[PDB]
6 protein chains.
Amino acid sequence: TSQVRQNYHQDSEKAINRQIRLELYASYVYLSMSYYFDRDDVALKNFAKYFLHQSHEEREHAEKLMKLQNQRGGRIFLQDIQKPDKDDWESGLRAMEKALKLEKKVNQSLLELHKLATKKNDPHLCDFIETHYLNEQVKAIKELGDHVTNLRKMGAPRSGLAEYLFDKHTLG
Amino acid sequence: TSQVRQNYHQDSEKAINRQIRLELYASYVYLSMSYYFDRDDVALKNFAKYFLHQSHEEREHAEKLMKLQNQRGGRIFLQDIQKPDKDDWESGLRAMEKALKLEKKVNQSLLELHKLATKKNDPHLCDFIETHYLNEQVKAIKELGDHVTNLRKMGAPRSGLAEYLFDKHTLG
Amino acid sequence: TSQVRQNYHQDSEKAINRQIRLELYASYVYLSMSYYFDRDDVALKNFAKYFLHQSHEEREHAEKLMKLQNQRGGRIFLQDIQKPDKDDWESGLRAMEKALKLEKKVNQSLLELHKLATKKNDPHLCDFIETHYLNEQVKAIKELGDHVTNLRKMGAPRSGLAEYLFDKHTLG
Amino acid sequence: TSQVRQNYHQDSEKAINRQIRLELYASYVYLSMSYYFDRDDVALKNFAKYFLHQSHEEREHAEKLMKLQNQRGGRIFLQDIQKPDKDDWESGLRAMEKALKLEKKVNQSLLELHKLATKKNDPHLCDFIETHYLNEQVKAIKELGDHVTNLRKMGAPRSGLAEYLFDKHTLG
Amino acid sequence: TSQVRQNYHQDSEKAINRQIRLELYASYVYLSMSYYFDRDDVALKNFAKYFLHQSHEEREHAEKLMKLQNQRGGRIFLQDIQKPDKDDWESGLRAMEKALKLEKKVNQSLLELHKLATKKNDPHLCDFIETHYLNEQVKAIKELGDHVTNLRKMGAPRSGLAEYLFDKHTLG
Amino acid sequence: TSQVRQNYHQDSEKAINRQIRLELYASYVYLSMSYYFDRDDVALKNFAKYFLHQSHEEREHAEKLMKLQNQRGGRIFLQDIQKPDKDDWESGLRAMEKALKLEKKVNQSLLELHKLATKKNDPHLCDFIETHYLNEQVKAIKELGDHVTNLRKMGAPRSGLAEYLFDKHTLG
Ligand SMILES: [Fe+3]
Ligand SMILES: [Fe+3]
Ligand SMILES: [Fe+3]
Ligand SMILES: [Fe+3]
Ligand SMILES: [Fe+3]
Ligand SMILES: [Fe+3]
Ligand SMILES: [Mg+2]
Ligand SMILES: [Mg+2]
Ligand SMILES: [Mg+2]
Ligand SMILES: [Mg+2]
Ligand SMILES: [Mg+2]
Ligand SMILES: [Mg+2]
Ligand SMILES: [Mg+2]
């Protein structure tokens, strides 16, 4: 047992490792999306920037969990980071929709982790999740919803005009 | 066939995708190393900062290869990123030795990529590898060797004093 | 033989004069395109500015090759600069498509020039081409492809709205 | 007929196209001259700079004419730009004498264009030529005459010392 | 074998040692030339400064090769630095001519080294030579040629006036 | 006989030339030492910086003697500069001991030069040696002794820790 460990259940430790993995996966999905918009045959530079920024943010999310794991005297164990589910993300709209789905999946995981932390009477871990993750998820999901809504209302994905103008005026 | 594609062999395109995967793997190994050093029972904060920096550098290396693939009109295909070979890196000295081994494996891959680009008379690709990668590897390898040497001569990994003082005076 | 000449094949020397001519020709093509967009019946001022910038860049590319010819002790022989293929470039999208084609033609010549320098074991000339020309071409080709893509997806050149908006938001 | 066209004779329009070609030609002559003085066996760097500056000015003279043609609703038609009459310009003195002859030839063209504009009662074209071109030509011709006179009086082009000191003290 | 060594042929190692020696020799030749112009019976202070500057640059060239040797895990072996071939360099012109000959000899050596690096499939070493040495040689040879040409055209070496004025206006 | 020459014995002139050679030799020994410390299997960057500084200082010492020779109207005759006695300097301690031995050998030579200048009643030369050399040697010798002493008392060359810590704390 680590000399620092106190009130940290092994199940919470193991779940924090799985969340680190999910954060690294979300980073990889966004990196994929970013470079999809960087293709010469897609060429939406502000979509590309947006998703790259998101990819770097997910890596910070992962790193803060790894720090947490050591702060609590848990031990990080890493697994493969699986490739994202698509290579071609189809359109600005379709990528935003997949991102929305991803953020809701990461949120579900965080809510299940918080439910475990509660059952294990770990208020430090509860506060960690609430403070650093849960409102970040709500804000992300809201933003992505707003983006989907505007793209759909503008006529996307069939209107390439819509996606060009959203790139410039919302993401730019 | 992409409208931008010119003098870019399918074999080179595939080789760039393998290289992207390896850069992302290298990022992952360093991220693992960094947080090993952040454990309470290891506690070498500058080893931790050093390897986190390397992790971020390797992500940049991957991103630049992704940019190149699109510049040349190739198509990015991402794969699962393999977990690192170790979960526990044993000591500062042993981490730096493994890092040296990693950078030589990445260099070898880049040298093989260059031989391929040479065979396919792709001077743009040769220059990209030279300009952005090959000297970066030579400097990384030499620095890691220098660190290994100092750690050994100081008495590591036997001397916890040695790793402490190297962490302060070299990596701090 | 010039007192400075060393390792500089006569065939290279002649190839360099042909390249000078082609860079001057590309400057003239871009000049022509620029002033087409300045017509009152076309009136896309950022297309005009974009192509004038490209014309001046190609003049600089020619001058750098002239400097190189003298650096190596070759002798410059200039020839008539041929008029561009068109007077009327039809639309923004069609001009961008013609420019892409021109940049791939220029790139092909440079690659043939590099092949010759490699066959003649002239690494100074290889480096000159790589350092100053090949990646400039790859960047210009990628930019033009991105531009063509955007204009297409916006609905050009049928859509005089698409070219107006691209002029403002991308080239502005 | 262009919607902007007013009081602009077809003969003047064609005369403007002829002037554009001649200004481009003059740009090319000066370009050739500049890089002759850059040769290792000539090596007069300020002669080289002086004629490059002149070459760029002539390009601006061409561009301003292209702008004028579109301002008036004429249509630009570009032609082959003929190579200069010499490859080797012999000396600083002899290049200055040929430049003097060039600027007088250009001035004669502009005077004929002015006569035409006068005959066609085109006061806007008369003023354009007077304002932007005729005194620029009188200034250029006086300077080149001054320079030839100094070179002669110093003992060029047989005195390599004369050209060296003129390069330093006048063109520097 | 050094722990850092990778893809570094022993023949390339040995050739880099010989180049270090040639760079140190070029430094010594320029030091000799410098102080020749510092003699009371020659007294051209700007020739003296010129060649001293060149002497210090050659030492930097040597040092960067020694750094390269260690970066690659080669081992520096030094030999005597032979005295330059003259004690009295005769004139400004004659020294510039000997310097030109020296720079062409150093360039030949670098081109032979690059040919060895190519045959040994060492693209790092190729890039090192191209990036840091080959254009430095071309520029040096061109400058020295230009200097010889002007001195000859001015009347040197028989005109001490020529050498005095070149000292002041070109080298000063 | 130089027009400036006064009270300057032929024996002193020859002795100054021997001294120039020895200063250049000292520069070369330090350059060797510096890059021994830059090897990956030695890796003491501040020992490397220290000895490179000394190398540059000794080149300045040589240059000032060359200036003196010309000031007094003597004639510089340069000789082959002997390679240093060692290729491998073994350790920080052993390098500093060899450096101490070198500086005493250079001092001895300067003291012999001074005895000669005294015998020949050349007070200018006596003052030059005193002013510019003798105290510089006494300070160099004392500093090197101080370094040797510290390295020995710390446990070098046995303790790689000792040389590490001296490199950081004294030479850094
Ligand atoms: Fe996240
Ligand atoms: Fe990398
Ligand atoms: Fe070009
Ligand atoms: Fe003009
Ligand atoms: Fe050199
Ligand atoms: Fe000294
Ligand atoms: Mg709270
Ligand atoms: Mg190459
Ligand atoms: Mg361009
Ligand atoms: Mg002019
Ligand atoms: Mg009037
Ligand atoms: Mg290169
Ligand atoms: Mg006294």
Side-chain angles (χ1 to χ4, degrees), chain E residues 24-56 58 80-99 102 156-158 160 163-164 167 171, chain F residues 1-28 58-82 106 109-110 112-129 131-133:
Chain E
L24 291 164
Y25 172 78
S27 188
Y28 196 25
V29 173
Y30 285 132
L31 171 57
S32 186
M33 289 182 174
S34 179
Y35 283 95
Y36 172 78
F37 293 104
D38 182 65
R39 294 165 51 156
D40 75 93
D41 61 356
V42 175
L44 294 163
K45 309 157 209 204
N46 291 313
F47 281 84
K49 288 187 196 186
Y50 183 75
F51 290 125
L52 198 61
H53 176 74
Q54 302 312 322
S55 178
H56 294 160
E58 300 298 333
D80 293 3
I81 310 171
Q82 281 191 322
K83 78 172 178 160
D85 271 344
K86 297 289 167 34
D87 308 306
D88 175 319
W89 298 98
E90 300 181 52
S91 62
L93 177 51
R94 297 203 168 160
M96 293 285 180
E97 287 167 338
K98 293 291 196 338
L102 174 62
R158 281 194 200 79
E163 302 212 331
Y164 175 86
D167 176 280
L171 309 182
Chain F
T1 186
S2 169
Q3 69 190 326
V4 307
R5 197 190 190 115
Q6 184 175 21
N7 199 39
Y8 191 55
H9 198 281
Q10 192 186 244
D11 292 351
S12 298
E13 179 184 358
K14 290 175 170 203
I16 293 288
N17 287 330
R18 279 193 302 278
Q19 191 66 41
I20 290 160
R21 187 193 200 169
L22 176 62
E23 306 288 342
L24 297 162
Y25 172 76
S27 185
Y28 205 24
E58 296 299 334
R59 164 61 87 89
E60 294 314 312
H61 289 171
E63 286 166 3
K64 177 179 293 186
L65 282 150
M66 293 170 77
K67 178 184 179 75
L68 181 287
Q69 185 77 286
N70 280 342
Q71 285 173 305
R72 296 299 299 277
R75 295 284 172 256
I76 297 157
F77 291 100
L78 293 169
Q79 305 293 340
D80 298 352
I81 306 302
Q82 306 103 309
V106 170
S109 178
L110 293 159
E112 298 168 349
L113 183 52
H114 193 283
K115 169 176 182 51
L116 173 74
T118 293
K119 266 179 218 164
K120 307 301 190 184
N121 304 307
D122 187 337
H124 178 269
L125 176 61
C126 287
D127 168 92
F128 169 90
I129 293 165
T131 303
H132 302 288
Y133 293 82

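Hydrogens, waters and symmetry mates are skipped; everything else that's a heavy atom, side chains included, is used. Each chain gets a letter, A, B and so on, in the order the sequences are listed, and its residues count up from 1.
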**Item:** With sequence neighbours excluded, residues passing side-chain contact (heavy atoms from CB on, under 4.5 Å) with F/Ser109
**Value:** F/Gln19, F/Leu22

**Message:** Could you report the tightest heavy-atom contact between F/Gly73 and F/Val4, atom names first, then the distance?
**Reply:** CA-CG2, 3.5 Å

**Minimum-distance pair of heavy atoms, taken over all atoms of E/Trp89 and E/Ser32** = NE1-OG, 2.9 Å

**Asked** To the nearest 0.5 Å, what is the distance between CG (F/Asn17) and CG (F/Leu78)?
**Response** 7.5 Å

**Item:** Side-chain donor/acceptor of E/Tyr28 to backbone N/O of F/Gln79, under 3.5 Å
**Value:** yes

**Request:** Determine, stepwise, if the pair F/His124 / F/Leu68 fulfils side chain to side chain contact (heavy atoms under 4.5 Å, CB included).
**Result:** CA-CA 10 Å; F/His124 178 269; F/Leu68 181 287; 3.8 Å; yes

**Fill in**
Distance col, row E/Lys45:NZ vs E/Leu171:CG, nearest 0.5 angstrom, shows 14.5 Å

**Prompt:** Any side-chain heavy atom of F/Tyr133 sitting closer than 4.5 Å to one from F/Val106?
**Reply:** no

**Prompt:** Atom CG of F/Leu113 and atom CZ of F/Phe128: how far apart are they, to the nearest 0.5 Å?
**Reply:** 9.0 Å

**Complete:** Between F/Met66 and E/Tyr35 the two heavy atoms that sit nearest each other are CE-CD1, 3.6 Å

**Prompt:** Do F/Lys115 and F/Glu112 have side chains that get closer than 4.5 Å, going by heavy atoms?
**Reply:** no

**Message:** Once rounded to the nearest 0.5 Å, what's the spacing between atom CG of F/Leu65 and atom CZ of F/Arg21?
**Reply:** 15.0 Å

**Minimum heavy-atom distance between F/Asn7 and F/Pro123, given as atom pair plus value** = ND2-CD, 4.0 Å

**Request:** With rounding to the nearest 0.5 Å, note down the distance linking CD in F/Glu23 to CD1 in F/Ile16.
**Result:** 9.5 Å

**Fill in**
Hits for salt bridge (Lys or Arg N to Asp or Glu O under 4.0 Å) against F/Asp122, two or more places apart or cross-chain, chain-then-number order -> F/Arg72

**Fill in**
Here the pair of heavy atoms bringing E/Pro157 nearest to E/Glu163 is CA-OE2, 3.9 Å

**Request:** Kindly indicate whether the side chain of F/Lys119, heavy atoms from C-beta on, has any atom under 4.5 Å from the side chain of F/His9.
**Result:** no

**Message:** Quick check on E/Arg94: does its CZ atom have over 12 non-hydrogen neighbours (other residues, nucleotides or ligands) under 6.0 Å away?
**Reply:** no

**The single option from E/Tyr50, E/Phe47, E/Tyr30 passing ring-ring contact (aromatic ring centres under 6.0 Å, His included) against E/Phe37** = E/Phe47

**Asked** Where the side chain of F/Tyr8 meets the backbone of F/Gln69, is there a donor-acceptor pair that is under 3.5 Å apart?
**Response** no

**Asked** side-chain contact (heavy atoms from CB on, under 4.5 Å) with F/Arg18: which residues, sequence neighbours excluded?
**Response** F/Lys14, F/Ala15

**Prompt:** Partners of F/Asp127 by side-chain contact (heavy atoms from CB on, under 4.5 Å), sequence neighbours excluded?
**Reply:** F/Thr131

**E/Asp88 CG to E/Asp41 CG distance, which is reported to the nearest 0.5 Å** = 8.0 Å

**Request:** Taking all non-hydrogen atoms of both residues into account, name the closest pair between E/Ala43 and E/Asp40 and its distance.
**Result:** CB-O, 3.9 Å

With a cut-off of 3.5 Å and sequence neighbours excluded, list every side-chain donor-acceptor pair involving residues 80-87 of chain E.
from    : atom 1 : to      : atom 2 : distance (Å)
E/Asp80 : OD1    : F/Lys83 : N      : 2.9

**Asked** Can you tell me if F/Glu13 uses its side chain to pair, donor with acceptor, with the backbone of F/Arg75 under 3.5 Å?
**Response** yes

**Request:** Using the test side-chain contact (heavy atoms from CB on, under 4.5 Å), find all partners of F/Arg59 that sit at least two apart in sequence or belong to another chain.
**Result:** E/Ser27, E/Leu31, E/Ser55, E/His56, F/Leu24, F/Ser27, F/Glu63

